[PDB]
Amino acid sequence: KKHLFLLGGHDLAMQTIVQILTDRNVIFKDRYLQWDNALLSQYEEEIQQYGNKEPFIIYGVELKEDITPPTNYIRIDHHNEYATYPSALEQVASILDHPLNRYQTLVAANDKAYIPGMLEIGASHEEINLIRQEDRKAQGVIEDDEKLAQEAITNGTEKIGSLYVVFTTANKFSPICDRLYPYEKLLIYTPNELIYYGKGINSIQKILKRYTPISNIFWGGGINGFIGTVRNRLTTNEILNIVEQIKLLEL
């Protein structure tokens, strides 16, 4: 069986996947996608060419199946119903019998379980900082993202019980998490988007499903990971109601 890898949205783990695939002479396609455009249809041409074509197995790495996969397609993912699975990076390495070196295992732990993940395999303070900086960079965060993050923390943050609630107009949320960490619970929202981080995502999922179909929701990172809504799918009043419901859990 011959492998073809189709890559989803970029971050440090996806960049590490590119390196391993490049080193191992694997057939792969990388359209420089991001978290909010990682659609299988970005690779429609490749699906037409290799789909249902006997020798090949097509591995889709964190791609939304907006078109019907062919019979030789395998989804590689660790979100939603697969939120307990290892990072896509670890799954790809296993497919290729690739032993992850130390840096790569830190990348994988950060990708699946953030700073807590890196701490439980003994990452140092310098290692954690390099990984976070390189992850934000691979996501495309820039200076104006980091500036808006500081603004939201100074002027748009309030703490209710153990829950931080941050209103922001920032495009990228990861700079906010990295500035507020450590925290137990964090809710970041905009007029048309929210992401919740930390303890008890399952009760957050119960709230979200009263307002929107599951196709507008994503989660991962484990029991106390993250759960969010796809940008511009919910109205401001729906977001505001959800925010109130999440605050009520602190009572």
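One-based numbering along the sequence shown.
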Which is higher on average in the deposited entry, the C-alpha temperature factors of 48-56 or of 32-40? 48-56
Averaging CA B factors per stretch from the PDB record, which one is higher: 92-100 or 131-139? 131-139
The residue of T168, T154, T105, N72 with the maximal C-alpha B-factor according to the PDB record is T154
Pick out which of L251, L7, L4, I246 has the highest C-alpha B-factor in the PDB entry. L251
Could you say whether, by C-alpha temperature factor, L119 belongs to the lowest, middle or highest third of its chain? highest
Among the modelled residues of its chain, the C-alpha B-factor of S215 falls in the third labelled middle
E184: CA temperature factor from the record, placed by chain third, in the highest
How does the C-alpha B factor of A109 compare with the rest of the chain: lowest, middle or highest third? middle
Ranked against its chain, the third holding the CA B-factor of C177: middle
